[PDB]
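start.txt, holding compact mmCIF, N, CA and C atoms and all ligand atoms:
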# COMPACT_ATOMS: atom_id res chain seq x y z
N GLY A 1 -14.13 -6.81 13.77
CA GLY A 1 -12.88 -7.55 13.72
C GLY A 1 -12.65 -8.39 14.96
N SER A 2 -12.96 -9.68 14.86
CA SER A 2 -12.80 -10.59 15.99
C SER A 2 -11.76 -11.66 15.67
N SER A 3 -11.52 -11.88 14.38
CA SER A 3 -10.55 -12.88 13.94
C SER A 3 -9.15 -12.52 14.41
N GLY A 4 -8.46 -13.50 14.99
CA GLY A 4 -7.11 -13.26 15.48
C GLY A 4 -6.15 -12.88 14.36
N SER A 5 -5.56 -13.88 13.72
CA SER A 5 -4.61 -13.63 12.64
C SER A 5 -5.34 -13.24 11.36
N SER A 6 -4.82 -12.22 10.68
CA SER A 6 -5.43 -11.73 9.45
C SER A 6 -4.56 -10.66 8.80
N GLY A 7 -4.88 -10.31 7.56
CA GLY A 7 -4.13 -9.30 6.85
C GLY A 7 -4.10 -7.97 7.59
N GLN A 8 -2.95 -7.31 7.57
CA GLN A 8 -2.79 -6.03 8.25
C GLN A 8 -1.89 -5.10 7.45
N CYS A 9 -2.40 -3.91 7.14
CA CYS A 9 -1.64 -2.93 6.37
C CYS A 9 -0.32 -2.60 7.07
N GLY A 10 0.77 -2.71 6.32
CA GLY A 10 2.08 -2.43 6.88
C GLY A 10 2.17 -1.03 7.47
N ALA A 11 1.52 -0.07 6.81
CA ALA A 11 1.53 1.31 7.28
C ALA A 11 0.95 1.42 8.68
N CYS A 12 -0.33 1.06 8.82
CA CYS A 12 -1.00 1.12 10.11
C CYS A 12 -1.35 -0.28 10.61
N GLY A 13 -1.97 -1.08 9.73
CA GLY A 13 -2.34 -2.43 10.10
C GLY A 13 -3.82 -2.56 10.40
N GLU A 14 -4.66 -1.98 9.54
CA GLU A 14 -6.10 -2.03 9.72
C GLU A 14 -6.65 -3.40 9.33
N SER A 15 -7.96 -3.58 9.51
CA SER A 15 -8.61 -4.84 9.18
C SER A 15 -8.89 -4.93 7.68
N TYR A 16 -8.91 -6.16 7.17
CA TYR A 16 -9.17 -6.38 5.75
C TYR A 16 -10.61 -6.03 5.40
N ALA A 17 -10.82 -4.78 5.00
CA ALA A 17 -12.15 -4.32 4.63
C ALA A 17 -12.24 -4.04 3.13
N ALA A 18 -13.34 -4.47 2.52
CA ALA A 18 -13.55 -4.27 1.09
C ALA A 18 -14.22 -2.93 0.81
N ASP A 19 -13.67 -1.86 1.38
CA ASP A 19 -14.21 -0.52 1.20
C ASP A 19 -13.11 0.47 0.85
N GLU A 20 -12.12 0.58 1.72
CA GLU A 20 -11.00 1.49 1.51
C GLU A 20 -10.28 1.17 0.21
N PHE A 21 -9.43 2.10 -0.24
CA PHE A 21 -8.68 1.91 -1.47
C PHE A 21 -7.27 1.42 -1.17
N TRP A 22 -7.00 0.17 -1.53
CA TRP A 22 -5.68 -0.42 -1.30
C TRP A 22 -4.80 -0.29 -2.53
N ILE A 23 -3.49 -0.27 -2.32
CA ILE A 23 -2.54 -0.14 -3.42
C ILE A 23 -1.88 -1.48 -3.73
N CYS A 24 -1.35 -1.61 -4.94
CA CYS A 24 -0.69 -2.84 -5.36
C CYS A 24 0.78 -2.59 -5.68
N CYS A 25 1.66 -3.33 -5.02
CA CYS A 25 3.10 -3.18 -5.23
C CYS A 25 3.61 -4.21 -6.24
N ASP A 26 4.78 -3.94 -6.80
CA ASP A 26 5.38 -4.84 -7.78
C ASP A 26 6.54 -5.61 -7.17
N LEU A 27 7.34 -4.93 -6.35
CA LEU A 27 8.49 -5.55 -5.70
C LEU A 27 8.04 -6.62 -4.72
N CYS A 28 7.45 -6.19 -3.61
CA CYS A 28 6.97 -7.11 -2.58
C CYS A 28 5.52 -7.50 -2.84
N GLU A 29 4.79 -6.63 -3.52
CA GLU A 29 3.38 -6.87 -3.83
C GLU A 29 2.58 -7.12 -2.55
N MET A 30 2.78 -6.25 -1.56
CA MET A 30 2.07 -6.37 -0.29
C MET A 30 0.74 -5.63 -0.34
N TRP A 31 0.05 -5.59 0.80
CA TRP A 31 -1.23 -4.91 0.89
C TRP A 31 -1.12 -3.62 1.70
N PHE A 32 -1.48 -2.51 1.08
CA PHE A 32 -1.42 -1.21 1.74
C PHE A 32 -2.62 -0.35 1.37
N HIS A 33 -2.66 0.86 1.91
CA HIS A 33 -3.76 1.79 1.64
C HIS A 33 -3.26 3.02 0.89
N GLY A 34 -3.99 3.41 -0.15
CA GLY A 34 -3.60 4.57 -0.93
C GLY A 34 -3.06 5.70 -0.07
N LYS A 35 -3.91 6.23 0.80
CA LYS A 35 -3.52 7.32 1.69
C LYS A 35 -2.28 6.94 2.50
N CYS A 36 -2.18 5.66 2.85
CA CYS A 36 -1.05 5.17 3.62
C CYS A 36 0.23 5.18 2.79
N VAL A 37 0.09 4.88 1.50
CA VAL A 37 1.23 4.85 0.59
C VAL A 37 1.43 6.21 -0.08
N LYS A 38 0.79 7.23 0.47
CA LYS A 38 0.90 8.58 -0.07
C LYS A 38 0.33 8.65 -1.49
N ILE A 39 -0.84 8.06 -1.68
CA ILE A 39 -1.49 8.05 -2.98
C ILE A 39 -3.00 8.26 -2.85
N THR A 40 -3.58 8.98 -3.80
CA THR A 40 -5.01 9.26 -3.79
C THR A 40 -5.78 8.15 -4.50
N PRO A 41 -7.05 7.97 -4.11
CA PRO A 41 -7.93 6.95 -4.69
C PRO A 41 -8.32 7.28 -6.13
N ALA A 42 -8.12 8.53 -6.52
CA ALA A 42 -8.45 8.97 -7.87
C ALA A 42 -7.24 8.88 -8.79
N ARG A 43 -6.06 9.19 -8.24
CA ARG A 43 -4.83 9.14 -9.01
C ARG A 43 -4.47 7.71 -9.38
N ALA A 44 -4.71 6.79 -8.45
CA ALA A 44 -4.41 5.38 -8.68
C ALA A 44 -4.71 4.98 -10.12
N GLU A 45 -5.79 5.52 -10.67
CA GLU A 45 -6.19 5.22 -12.04
C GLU A 45 -5.02 5.40 -13.00
N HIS A 46 -4.31 6.52 -12.86
CA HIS A 46 -3.16 6.81 -13.71
C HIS A 46 -1.93 6.04 -13.24
N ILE A 47 -2.01 5.47 -12.05
CA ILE A 47 -0.91 4.71 -11.48
C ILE A 47 -1.05 3.22 -11.78
N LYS A 48 0.04 2.60 -12.20
CA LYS A 48 0.04 1.17 -12.52
C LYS A 48 1.25 0.48 -11.91
N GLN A 49 1.03 -0.20 -10.79
CA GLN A 49 2.10 -0.92 -10.11
C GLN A 49 3.07 0.06 -9.44
N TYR A 50 2.53 0.94 -8.60
CA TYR A 50 3.34 1.93 -7.90
C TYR A 50 4.31 1.25 -6.93
N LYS A 51 5.44 1.90 -6.70
CA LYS A 51 6.45 1.36 -5.79
C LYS A 51 6.13 1.73 -4.34
N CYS A 52 5.45 0.82 -3.64
CA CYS A 52 5.09 1.05 -2.25
C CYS A 52 6.24 1.67 -1.48
N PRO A 53 5.91 2.37 -0.38
CA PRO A 53 6.91 3.02 0.47
C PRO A 53 7.76 2.02 1.25
N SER A 54 7.27 0.79 1.34
CA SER A 54 7.98 -0.26 2.06
C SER A 54 9.25 -0.66 1.32
N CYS A 55 9.19 -0.64 -0.01
CA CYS A 55 10.33 -1.00 -0.84
C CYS A 55 11.15 0.24 -1.20
N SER A 56 10.50 1.22 -1.81
CA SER A 56 11.17 2.45 -2.21
C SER A 56 12.22 2.86 -1.18
N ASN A 57 11.90 2.63 0.09
CA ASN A 57 12.82 2.98 1.17
C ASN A 57 14.15 2.26 1.01
N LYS A 58 14.09 0.97 0.72
CA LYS A 58 15.30 0.16 0.54
C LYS A 58 16.32 0.91 -0.31
N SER A 59 17.59 0.78 0.05
CA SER A 59 18.67 1.45 -0.68
C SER A 59 18.46 2.96 -0.69
N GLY A 60 17.98 3.50 0.43
CA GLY A 60 17.74 4.92 0.52
C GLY A 60 18.95 5.68 1.04
N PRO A 61 19.04 6.97 0.69
CA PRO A 61 20.15 7.83 1.12
C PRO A 61 20.11 8.13 2.61
N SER A 62 18.91 8.13 3.18
CA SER A 62 18.73 8.41 4.60
C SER A 62 18.74 7.12 5.41
N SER A 63 18.32 6.03 4.78
CA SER A 63 18.28 4.73 5.45
C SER A 63 18.38 3.59 4.43
N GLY A 64 19.45 2.80 4.54
CA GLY A 64 19.64 1.69 3.63
C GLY A 64 18.96 0.43 4.10
ZN ZN B 101 -2.66 1.58 6.54
ZN ZN B 102 6.66 -3.12 -1.95

Spell out the structure here as structure tokens.
Ligand SMILES: [Zn+2]
Ligand SMILES: [Zn+2]
Amino acid sequence: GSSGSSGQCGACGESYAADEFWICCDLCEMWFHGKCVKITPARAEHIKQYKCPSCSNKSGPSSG
């Protein structure tokens, strides 16, 4: 990773690698990692357009 500006996972902000398992959001449709979004690479199969933790948080009882 030498490129300055580039995609970064909101959870941690790793480099755009075509290896790890990324998740797909519907609200913001951002880029995240299964494990980062509290999701397994195997379960994703049964998951379709999961609500990333970045959005789900919005309008929360602990934090609005
Ligand atoms: Zn991450
Ligand atoms: Zn989202």

Could you list, with a cut-off of 6 Å and counting only N, CA and C atoms and all ligand atoms, the residues of chain A near ligand ZN 102 (chain B), each shown with its nearest atom pair and the distance in Å rounded to one decimal, rows sorted by chain and ascending number, as a Markdown table?
| residue | atom | partner | partner_atom | distance |
| --- | --- | --- | --- | --- |
| A:25 | CA | B:ZN102 | ZN | 4.8 |
| A:26 | N | B:ZN102 | ZN | 5.3 |
| A:27 | C | B:ZN102 | ZN | 4.7 |
| A:28 | N | B:ZN102 | ZN | 3.6 |
| A:29 | N | B:ZN102 | ZN | 4.3 |
| A:30 | N | B:ZN102 | ZN | 5.0 |
| A:51 | C | B:ZN102 | ZN | 5.4 |
| A:52 | N | B:ZN102 | ZN | 4.5 |
| A:53 | N | B:ZN102 | ZN | 5.8 |
| A:54 | C | B:ZN102 | ZN | 4.8 |
| A:55 | N | B:ZN102 | ZN | 4.0 |
| A:56 | N | B:ZN102 | ZN | 5.8 |

Could you list, as a CSV table (one decimal) with N, CA and C atoms, keeping the file's coordinate frame, all residues that come within 6 Å of ligand ZN 101 (chain B)? Count all atoms listed in the file.
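As written to disk, selection-v8.csv reads:
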chain,number,residue,atom,x,y,z
A,9,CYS,N,-2.4,-3.9,7.1
A,9,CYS,CA,-1.6,-2.9,6.4
A,9,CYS,C,-0.3,-2.6,7.1
A,10,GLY,N,0.8,-2.7,6.3
A,10,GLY,CA,2.1,-2.4,6.9
A,10,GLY,C,2.2,-1.0,7.5
A,11,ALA,N,1.5,-0.1,6.8
A,11,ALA,CA,1.5,1.3,7.3
A,11,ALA,C,1.0,1.4,8.7
A,12,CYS,N,-0.3,1.1,8.8
A,12,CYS,CA,-1.0,1.1,10.1
A,12,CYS,C,-1.4,-0.3,10.6
A,13,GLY,N,-2.0,-1.1,9.7
A,13,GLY,CA,-2.3,-2.4,10.1
A,13,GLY,C,-3.8,-2.6,10.4
A,14,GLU,N,-4.7,-2.0,9.5
A,14,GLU,CA,-6.1,-2.0,9.7
A,14,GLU,C,-6.6,-3.4,9.3
A,32,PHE,N,-1.5,-2.5,1.1
A,32,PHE,CA,-1.4,-1.2,1.7
A,32,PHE,C,-2.6,-0.4,1.4
A,33,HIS,N,-2.7,0.9,1.9
A,33,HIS,CA,-3.8,1.8,1.6
A,33,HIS,C,-3.3,3.0,0.9
A,36,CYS,N,-2.2,5.7,2.8
A,36,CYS,CA,-1.0,5.2,3.6
A,36,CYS,C,0.2,5.2,2.8

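Here the question is which of A:57, A:21, A:40, A:31 gets nearest to residue 8 of chain A using only N, CA and C atoms, and that residue is A:31.
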
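The spacing separating atom C of residue 49 of chain A from atom CA of residue 20 of chain A amounts to 17.9 Å.
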
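Here atom CA of residue 39 of chain A is placed at a distance of 19.8 Å from atom CA of residue 60 of chain A.
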
Point out the residue among A:16, A:1, A:24, A:6 with the least atom-to-atom distance to residue 48 of chain A, counting all atoms listed in the file. A:24

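Taking only C-alpha atoms into account, residue 42 of chain A lies nearest to A:23 out of the set A:17, A:23, A:59, A:64.
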
Atom N of residue 47 of chain A to atom N of residue 18 of chain A: how many Å, to one decimal? 21.0 Å

Residue with the minimum atom-to-atom distance to residue 15 of chain A, picked from A:45, A:2, A:63, A:35 with only C-alpha atoms counted, is A:2

Picked from chain A by DSSP as alpha helix (DSSP H), as a PyMOL selection string: chain A and resi 53-56

When DSSP is applied to the backbone of this structure, which of chain A are assigned strand (DSSP E or B)? Write them out as a list in words. residues 22, 23, 24, 31, 32 and 33 of chain A
